[PDB]
Amino acid sequence: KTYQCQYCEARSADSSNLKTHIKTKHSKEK
Ligand SMILES: [Zn+2]
């Protein structure tokens, strides 16, 4: 149904959104 981060266990319904999340909460990818 949703997409969950490919680093942690976060869940989003869009892509741009999840990427944003990574940029600041992981700051390693992509
Ligand atoms: Zn994450």
# chains A, B, ... in the order shown; residues from 1 in each chain; ligands from 1
call {"tool": "residues_around", "arguments": {"residues": "residue 19 of chain A", "least_positions_apart": "6", "cutoff": "9 Å", "atoms": "only C-alpha atoms", "output": "list in words"}}
result
residues 5, 29 and 30 of chain A
call {"tool": "residues_near_ligand", "arguments": {"ligand": "ligand 1", "cutoff": "7 Å", "atoms": "only C-alpha atoms and all ligand atoms", "output": "list in words"}}
result
residues 5, 6, 7, 8, 9, 10, 21, 22, 25 and 26 of chain A
call {"tool": "select_by_dssp", "arguments": {"residues": "chain A", "states": "strand (DSSP E)", "output": "MDAnalysis selection string"}}
result
chainID A and resid 3:4 11:12
call {"tool": "select_by_dssp", "arguments": {"residues": "chain A", "states": "alpha helix (DSSP H)", "output": "MDAnalysis selection string"}}
result
chainID A and resid 15:25
call {"tool": "residues_around", "arguments": {"residues": "residue 12 of chain A", "least_positions_apart": "3", "cutoff": "10 Å", "atoms": "only C-alpha atoms", "output": "JSON, numbers by chain"}}
result
{"A": [1, 2, 3, 4, 5, 15, 16, 17, 18, 19, 21]}
call {"tool": "decode", "arguments": {"residues": "chain A", "atoms": "C-alpha atoms", "output": "PDB file, in the first residue's frame"}}
result
ATOM      1  CA  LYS A   1       0.000   0.000   0.000  1.00  0.00           C
ATOM      2  CA  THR A   2       2.755   2.424   1.078  1.00  0.00           C
ATOM      3  CA  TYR A   3       6.518   2.713   0.548  1.00  0.00           C
ATOM      4  CA  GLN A   4       8.696   2.414   3.668  1.00  0.00           C
ATOM      5  CA  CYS A   5      12.227   3.901   3.873  1.00  0.00           C
ATOM      6  CA  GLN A   6      15.071   1.713   2.566  1.00  0.00           C
ATOM      7  CA  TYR A   7      17.280   2.615   5.556  1.00  0.00           C
ATOM      8  CA  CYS A   8      14.978   2.871   8.602  1.00  0.00           C
ATOM      9  CA  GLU A   9      11.347   1.885   9.203  1.00  0.00           C
ATOM     10  CA  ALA A  10       9.522   5.071   8.111  1.00  0.00           C
ATOM     11  CA  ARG A  11       6.377   4.983   5.902  1.00  0.00           C
ATOM     12  CA  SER A  12       5.297   7.418   3.130  1.00  0.00           C
ATOM     13  CA  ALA A  13       2.691   7.402   0.314  1.00  0.00           C
ATOM     14  CA  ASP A  14       4.785   9.430  -2.176  1.00  0.00           C
ATOM     15  CA  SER A  15       8.419   9.293  -3.434  1.00  0.00           C
ATOM     16  CA  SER A  16       9.637  12.949  -3.301  1.00  0.00           C
ATOM     17  CA  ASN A  17       8.418  12.888   0.311  1.00  0.00           C
ATOM     18  CA  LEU A  18      10.434   9.797   1.362  1.00  0.00           C
ATOM     19  CA  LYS A  19      13.558  11.123  -0.400  1.00  0.00           C
ATOM     20  CA  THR A  20      13.208  14.418   1.562  1.00  0.00           C
ATOM     21  CA  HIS A  21      12.969  12.348   4.776  1.00  0.00           C
ATOM     22  CA  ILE A  22      16.260  10.555   3.917  1.00  0.00           C
ATOM     23  CA  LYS A  23      18.106  13.837   3.036  1.00  0.00           C
ATOM     24  CA  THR A  24      17.683  15.070   6.652  1.00  0.00           C
ATOM     25  CA  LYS A  25      17.157  11.936   8.861  1.00  0.00           C
ATOM     26  CA  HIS A  26      19.905   9.792   7.222  1.00  0.00           C
ATOM     27  CA  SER A  27      21.862  12.303   5.123  1.00  0.00           C
ATOM     28  CA  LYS A  28      23.800   9.471   3.396  1.00  0.00           C
ATOM     29  CA  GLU A  29      21.634   8.676   0.362  1.00  0.00           C
ATOM     30  CA  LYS A  30      20.650   8.935  -2.406  1.00  0.00           C
TER      31      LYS A  30
END
